[PDB]
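Asks: Can you keep this structure in mind? I'll have questions shortly.
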Ligand SMILES: *[C@@H]1O[C@H](CO)[C@@H](O)[C@H](O)[C@H]1NC(C)=O
Ligand SMILES: *[C@@H]1O[C@H](CO)[C@@H](O)[C@H](O)[C@H]1NC(C)=O
Ligand SMILES: *[C@@H]1O[C@H](CO)[C@@H](O)[C@H](O)[C@H]1NC(C)=O
Ligand SMILES: [Cu+2]
Ligand SMILES: [Cu+2]
Ligand SMILES: [Cu+2]
């Protein structure tokens with residue numbers, strides 16, 4: 045009476061994991077009572093198949109496929125790059141150490167920000183790692199006035219906690235996590251003897271045993287298949303969802319790095335160009351050569367825009383730097402002093 | 045904020061046929077709100093692609109596949125081999141020429168006509184999307200009863219009318235049909251000569269209906285060996301089988317089976 | 045490489061209806077392979093959305109819009125107001141009643167006409183109503199010498219069939235139809251031995269066919285003012301119009317226009333046939349004055365040369381004796 049469903053009406057699904065850990069790849073119709081003669085169940089993977097980053101589990105043949113072009117999988121983990129609001133699951137508990155309740159870890163923007171005043175602002179995440187994994191987050195440590203603590207309390211609530223200062227770049231941090239219900243804690247306190259502490263790209267690995275491919279967000283492009291992270295489109299290039307490559311933008315429009323849509327180039331203003339003076343010539347006269355800022359996003363064709371002023375007239379230089387004798394001054398050797406005219 | 049649609053979620057489907065006949069193979073999630081970045085629509089068959097008996101339409105590559113072992117497709121047609129009750133769509137209307156009781160009685164293996172002098176009409180109003188034929192096996196043992204099978208047209212205009223005697227076993231008959239809503243009539247009126257054996261009809265097969273159809277598992281007691289079978293062969297006596305079997309298992313020594 | 049298509053290329057369309065009756069509003073590019081990231085298909089209406097007369101189904105939002113000005117939608121039905129030739133789908137079958155094959159429903163013009171001679175001329179239409187609907191047709195029945203039969207056959211070809223005679227106006231008729239492949243019949247028999257007057261049928265409108273129609277620009281000579289009009293009103297006399305016209309454009313004085321005329325026609329010069337003579341009532345002295353008048357639909361200009369003017373008349377001429385049974389007074393105004 046019923047049909048014999050083709051490949052389009054029956055989908056593979058895994059049974060409930062037993063005590064030993066065996067699963068059966070049973071065939072299930074998409075809606076009840078639509079077909080019979082389903083394919084016979086076969087042995088599934090032993091409840092621990094974890095596809096690597098950039099891969100998804102194909103049910104037809106139980107193996108990790110390398111995904112498609114322009115799409116990312118994030119693997120058996122999650123990421124918290126967005127910080128417009130507090131991401132779901134994060135608890136921004138703030139308590140006075142002994153009102154600072156209004157002072158807590160605030161979602162400043164692309165990065166979260168710590169409280170500058172003297173208070174205990176804890177950012178806590180409670181994630182149940184089904185598999186052994188690690189956490190990778192980028193933390194900015196501008197000043198030593200506010201201390202940074204990152205300790206993952208374990209499954210039994212059982213507890218090197220302090221993070222060293224970061225210079226120059228954002229730096230990178232990573233700790234190991236076990237299979238227990240690990241609860242991550244990000245807390246900062248100010249001694250009030256300021257510069258807030260910033261956190262970006264919280265990456266927790268070993269969560270769901272399997273993920274699914276995700277289209278690249280606007281402003282992001284992925285070229286090769288199986289990309290754990292979808293790269294960012296360069297400046298002056300726009301993009302959309304699922305774009306394999308960034309489309310070049312028009313000349314009259316300017317685009318920032320990873321921009322969803324192009325923005326019209328405004329007319330150049332007096333603020334755009336900056337004055338400057340170059341070195342002296344053979345006669346001792348320096349020529350001033352006005353320059354535009356390298357993030358030049360304005361157009362000369364548009365009316366009402368001040369052009370780069372015509373400069374370069376040779377103007378006699380003042381006496382050269384002390385300790386330097388000339392008109393290309395060279396460093397006078399040690400043991401001789403110069404005021405700019407003679408050494 | 046939606047995951048890219050995997051091969052297992054989106055199910056290819058054809059758009060509504062336009063006036064010219066162009067169709068699009070749009071990709072649709074099995075339930076709304078699941079996927080994004082679905083495969084792009086492509087041109088489909090021109091609203092008239094039909095797969096012969098024993099084949100089905102595979103949407104992935106728009107062509108006819110040979111089905112599989114132990115399954116019959118019936119093609120672009122229907123079949124009414126079962127007669128335990130009156131099949132759906134059949135109107136066993138009987139008009140006096153009271154004879155309300157007399158009509159085409161649906162015996163299990165075959166349908167039997169009336170024996171008395173009452174006009175019993177077995178009507179089937181079927182809409183044929185494609186020009187096809189109707190085939191059936193009619194038993195006509197006695198000539199006192201007159202057997203008429205005439206095809207009415209789409210505009211109800213009448214359209218060889220009578221049938222010949224079927225001596226020496228069941229015979230086979232077939233007439234052509236048309237694009238319209240042909241309405242088939244089976245009628246037998248018995249002359250009151252004070253004497256008859258009712259006319260018997262089996263295996264009504266109408267082709268050209270509903271365009272492509274899907275494969276079905278073989279009915280119990282019937283087996284199919286190779287893919288593409290338009291019908292499941294009957295298992296030999298003393299042997300038995302079940303649904304979907306490619307062969308008939310032998311039976312026990314202390315058991316018999318027709 | 046392909047780029048995401050702006051709203052100028054992808055058009056919303058409905059997938060094939062399933063057994064339960066659910067559809068998906070898939071966004072389909074106009075030409076294959078031009079874009080990606082198309083809008084996600086959403087749930088459609090349950091395969092039975094029927095916009096009323098004067099409304100069209102908007103794909104952007106699944107609701108019935110009131111159409112635009114100057115255009116009609118005809119609703120979920122069809123109309124057969126044109127009868128210059130036999131409309132497509134109509135079978136004017138003629139058969140002998142027992153050679154009368156020559157007799158059939160002739161498309162005389164804006165109306166169809168039945169056969170005067172003794173023969174059976176059936177006007178058959180086979181329309182598949184996807185929805186329950188009605189048929190509305192105006193029929194003219196001048197004389198009873200020719201009988202009119204209008205019966206609707208069902209899907210199983212299994213059949218009030220006789221129509222009433224019409225006096226004065228064209229009258230209006232309507233019956234009900236089912237969801238089957240209904241076949242409408244219009245036949246006339248001429249059982250009268252001595253003659256005849258043909259039977260006329262106009263404005264056959266069958267509703268409930270395709271579940272949805274599309275707005276159509278109004279034909280020339282027709283204007284539509286309010287949106288959602290299931291018909292375009294005909295322009296009055298001396299007014300011309302064209303396709304999609306919201307209002308009928310007034311014509312020039314030298315040109316005359318019939319009702320529902322696409323283009324104006326130059327007024328010919330007045331001829332002796334245009335005016336008709338007549339005599340008015342008597343005066344107090346018993347003299348009548350004749351006052352020639354132009355015909356009510358007079359079409360001719362006085363300015364054009366070669367046109368005879370309205371002749372000067374009104375000379376008092378003594379009336380003959382008044383009507384029998386009527387006696388005149390001093391004012392010669394006879395009273396009963
Ligand atoms: C105490 O904390 C509450 C919570 O934010 C705050 O509304 C209140 O102003 C504080 N009291 C002070 C600052 O005196
Ligand atoms: C008369 O017709 C009815 C059905 O309408 C039927 O049940 C009844 O048996 C008939 N009478 C005889 C005597 O057969
Ligand atoms: C009757 O005969 C044929 C069709 O049967 C037709 O062509 C012919 O004109 C008819 N006769 C007359 C007198 O019209
Ligand atoms: Cu499904
Ligand atoms: Cu490009
Ligand atoms: Cu066996």
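Protein chains in written order, with the deposited numbering: chain A, 45 to 142, 153 to 213, 218 to 251, 256 to 388, 392 to 408; chain D, 45 to 141, 153 to 214, 218 to 253, 256 to 318; chain C, 45 to 142, 153 to 213, 218 to 253, 256 to 396. Where a beta carbon is used, it is the ideal one built from N, C-alpha and C, also for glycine.
Expressed to the nearest angstrom, what Euclidean distance is found between the alpha-carbon atoms of residue 337 of chain A and residue 163 of chain A?
Replies: The residue labelled residue 337 of chain A in the question sits at position 275 within the first chain. The residue labelled residue 163 of chain A in the question sits at position 109 within the first chain. Straight-line Cα distance between these residues: approximately 33 Å.
Asks: Does ligand 3 have a heavy atom nearer than 7 Å to the CB of residue 155 of chain C?
Replies: By one-based count along the third chain, residue 155 of chain C stands at place 101. It does: the Cβ of residue 155 of chain C is within 7 Å (strictly closer) of some heavy atom of ligand 3.
Asks: Please indicate yes or no: does the CB of residue 45 of chain C lie closer than 7 Å to some heavy atom of ligand 5?
Replies: If you number the third chain from 1, residue 45 of chain C lands on position 1. Residue 45 of chain C: yes, Cβ under 7 Å from ligand 5.
Asks: Using a Cβ-Cβ cut-off of 8 Å, state whether residue 47 of chain C counts as contacting chain A.
Replies: As a working note, residue 47 of chain C is residue 3 in the third chain. Chain A, which has a Cβ nearer than 8 Å to the Cβ of residue 47 of chain C, makes this yes.
Asks: Would residue 71 of chain A count as contacting chain D if we go by Cβ distances under 8 Å?
Replies: Start at 1 with the first residue of the first chain, and residue 71 of chain A comes out as number 27. Cβ-Cβ to chain D under 8 Å: no for residue 71 of chain A.
Asks: Report the neighbours of residue 80 of chain C on chain A: residues whose CB is nearer than 7 Å to its CB, in chain order.
Replies: Your numbering for residue 80 of chain C matches position 36 in the third chain. Per Cβ cutoff of 7 Å: 304.
Asks: Mind listing the chain C neighbours of residue 309 of chain A? Cutoff is C-beta to C-beta under 8 Å, in chain order.
Replies: Your numbering for residue 309 of chain A matches position 247 in the first chain. Simply 47.
Asks: Whole angstroms is fine: what's the gap from residue 46 of chain C's alpha carbon to residue 86 of chain D's?
Replies: Indexing the third chain from 1 puts residue 46 of chain C at position 2. Indexing the second chain from 1 puts residue 86 of chain D at position 42. Taking the straight line joining both Cα atoms gives about 14 Å.
Asks: Mind listing the chain D neighbours of residue 131 of chain C? Cutoff is C-beta to C-beta under 9 Å, in chain order.
Replies: Taking the third chain and counting its residues from 1, one reaches residue 131 of chain C at position 87. Neighbours of residue 131 of chain C on chain D: none; closest Cβ ~15 Å, over 9 Å.
Asks: According to DSSP, which residues form a beta bridge with residue 121 of chain D?
Replies: One-based indexing of the second chain puts residue 121 of chain D at position 77. In DSSP, residue 121 of chain D forms a bridge with D:267.
Asks: For residue 252 of chain A, count the other beta carbons within 10 Å of its own beta carbon; 16 or more makes it buried, fewer makes it exposed. Which is it?
Replies: Inspection of chain A shows residue 251 followed directly by residue 256; residue 252 of chain A is thus not represented.
Asks: Do residue 166 of chain C and residue 261 of chain C have their CB atoms nearer than 8 Å?
Replies: The sequence position of residue 166 of chain C within the third chain is 112, counting from 1. The sequence position of residue 261 of chain C within the third chain is 201, counting from 1. Contact flag set, yes.
Asks: I need the DSSP call for residue 190 of chain C, collapsed to helix, strand or coil.
Replies: As a working mapping, residue 190 of chain C is identified with position 136 in the third chain. In this structure, residue 190 of chain C counts as strand in the three-state DSSP scheme.
Asks: Does any C-beta atom of chain D lie closer than 8 Å to the C-beta of residue 88 of chain C?
Replies: Locating residue 88 of chain C in the third chain gives position 44, where the first residue counts as 1. Not an interface residue.
Asks: Can you check whether the C-beta of residue 99 of chain A is within less than 8 Å of a C-beta belonging to chain D?
Replies: Against the first chain, residue 99 of chain A aligns to sequence position 55. Judged by the 8 Å Cβ criterion, residue 99 of chain A is not in contact with chain D.
Asks: Just to confirm, are residue 185 of chain D and residue 89 of chain D a CB contact at a threshold of 8 Å?
Replies: Taking the second chain and counting its residues from 1, one reaches residue 185 of chain D at position 130. Taking the second chain and counting its residues from 1, one reaches residue 89 of chain D at position 45. Contact: no.
Asks: For residue 108 of chain A and residue 91 of chain A, which I take to be in contact (beta-carbon distance under 8 Å), what is that distance rounded to the nearest angstrom?
Replies: The sequence position of residue 108 of chain A within the first chain is 64, counting from 1. The sequence position of residue 91 of chain A within the first chain is 47, counting from 1. Actually they do not touch by this definition, with Cβ atoms about 16 Å apart.
Asks: Just how far apart, CA to CA, sit residue 77 of chain D and residue 111 of chain A?
Replies: Mapped onto the second chain, residue 77 of chain D falls at position 33. Mapped onto the first chain, residue 111 of chain A falls at position 67. The alpha-carbon atoms of residue 77 of chain D and residue 111 of chain A are separated by roughly 21 Å.
Asks: Starting from the N-terminal end, write out each residue whose C-beta falls within a distance shorter than 5 Å of any non-hydrogen atom of ligand 4.
Replies: A:74 and D:74
Asks: Taking just the CA atoms, how far does residue 205 of chain A sit from residue 178 of chain A?
Replies: To locate residue 178 of chain A, count along the first chain from 1; it is residue 124. To locate residue 205 of chain A, count along the first chain from 1; it is residue 151. For residue 178 of chain A and residue 205 of chain A, the gap between their C-alpha atoms comes out near 10 Å.
Asks: Where DSSP assigns a beta bridge to residue 405 of chain A, which residues make up the other side?
Replies: One-based indexing of the first chain puts residue 405 of chain A at position 340. None; residue 405 of chain A has no bridge partner.
Asks: Between residue 258 of chain A and the rest of its own chain, which residues show a CB-CB distance below 6 Å, the 5 nearest in sequence each way excluded?
Replies: The count along the first chain starts at 1 and reaches residue 258 of chain A at position 196. So the qualifying residues of the chain are 167, 168 and 170.
Asks: With 16 as the cutoff for other CB atoms within 10 Å, does residue 378 of chain C come out buried or exposed?
Replies: Numbered from its first residue, the third chain carries residue 378 of chain C at position 318. Residue 378 of chain C comes out exposed.
Asks: Quick check on the DSSP output: the beta strand (DSSP E) that includes residue 248 of chain D runs from which residue to which?
Replies: Against the second chain, residue 248 of chain D aligns to sequence position 190. Where residue 248 of chain D is concerned, the enclosing beta strand (DSSP E) stretches over 241-248.
Asks: Going by DSSP, what residue range makes up the beta strand (DSSP E) through residue 266 of chain A?
Replies: On the first chain, residue 266 of chain A is found 204 positions in, with the first residue counted as 1. 260-267 is the extent of the beta strand (DSSP E) around residue 266 of chain A.
Asks: Within 8 Å, do at least three Cβ pairs link the stretch 284-298 of chain A to the stretch 115-122 of chain A?
Replies: Short answer: they touch.
Asks: Return no unless some Cβ of chain C is closer than 8 Å to the Cβ of residue 287 of chain D.
Replies: Along the second chain, read from residue 1 onward, the residue named residue 287 of chain D stands at position 227. Output row for residue 287 of chain D: interface = no.
Asks: Flag residue 70 of chain C as yes if its beta-carbon sits less than 8 Å from any beta-carbon of chain D, otherwise no.
Replies: For the purposes of this step, residue 70 of chain C is taken as residue 26 along the third chain, with counting starting at 1. The beta carbon of residue 70 of chain C sits closer than 8 Å to some beta carbon of chain D.
Asks: Beta-carbon within less than 8 Å of residue 277 of chain D's beta-carbon, same chain only, minus the 5 sequence neighbours each way: which residues are those?
Replies: Here residue 277 of chain D corresponds to residue number 217 of the second chain, with the count starting at 1. Excluding sequence neighbours, residue 277 of chain D sits near 114, 115, 303 and 304.
Asks: Just the chain D side, please: which residues come within less than 8 Å of residue 58 of chain C by C-beta, in chain order?
Replies: By one-based count along the third chain, residue 58 of chain C stands at place 14. 59 and 60, listed in chain order.
Asks: Taking the alpha-carbon of residue 295 of chain C as reference, which of C:322, C:313, C:287 and C:289 has the nearest alpha-carbon?
Replies: Indexing the third chain from 1 puts residue 295 of chain C at position 235. When each option's Cα is compared against that of residue 295 of chain C, the closest is C:322.
Asks: For a contact meaning CB atoms closer than 9 Å, what does residue 236 of chain C contact in chain D?
Replies: By one-based count along the third chain, residue 236 of chain C stands at place 178. Under the 9 Å cutoff, chain D gives no residues; its nearest Cβ is about 12 Å from residue 236 of chain C.
Asks: Per DSSP, what kind of secondary structure is residue 203 of chain D in: helix, strand or coil?
Replies: As a working mapping, residue 203 of chain D is identified with position 148 in the second chain. Residue state for residue 203 of chain D is assigned as strand, using DSSP reduced to three classes.
Asks: What is the rounded straight-line gap between the Cα of residue 173 of chain D and the Cα of residue 118 of chain D?
Replies: Counting from one through the second chain, the residue named residue 173 of chain D turns up at place 118. Counting from one through the second chain, the residue named residue 118 of chain D turns up at place 74. Cα to Cα, the separation comes out at about 35 Å.
Asks: With a 10 Å radius around its C-beta and 16 neighbouring C-beta atoms as the bar for buried, classify residue 159 of chain D as buried or exposed.
Replies: Indexing the second chain from 1 puts residue 159 of chain D at position 104. Classification for residue 159 of chain D: buried.
Asks: Output needed in chain order: residues of the stretch 173-204 of chain D with a Cβ under 8 Å from some Cβ in chain C.
Replies: 178, 180 and 182
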